[PDB]
């Protein structure tokens, strides 16, 4: 189930993240810095409680959740959202809802890489992470 996602991952490719940030209303100065930032994502579990840390030189976040159980979240860009993370088609699917808006953060493993697809509005961003050697 979730075990192949666990570990420490580093960003190695980003496509359309600016589109995604712009769609969310992120200001230009934050987008500028974010476009040059390479986060480390750490995914850990304790039982069915997962913890997902995103660390960087700019912003840091951490969430803990039970798979399939809604949780409150405050995102890196300061949105207060209602979230749920599940496993779907082998993908770790994180849905955020706020003010009637939806975004998904979908993680999948392809050839050992973790591919994070971020969708909001029409914007679709694909970011690739590799396991810390």
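Residue numbers count along the first chain shown, from 1.
- Once the C-alpha B-factors are averaged per stretch, 60 to 68 and 81 to 89 rank with 60 to 68 first.
- A summary of the deposited B-factors shows that, of 105 to 113 and 121 to 129, the stretch with the larger mean C-alpha value is 105 to 113.
- The maximum CA B-factor among the listed residues 29, 52, 95, 76, taken from the PDB record, is found at 29.
- In the PDB entry, residue 46 places in the middle third of its chain by CA B-factor.
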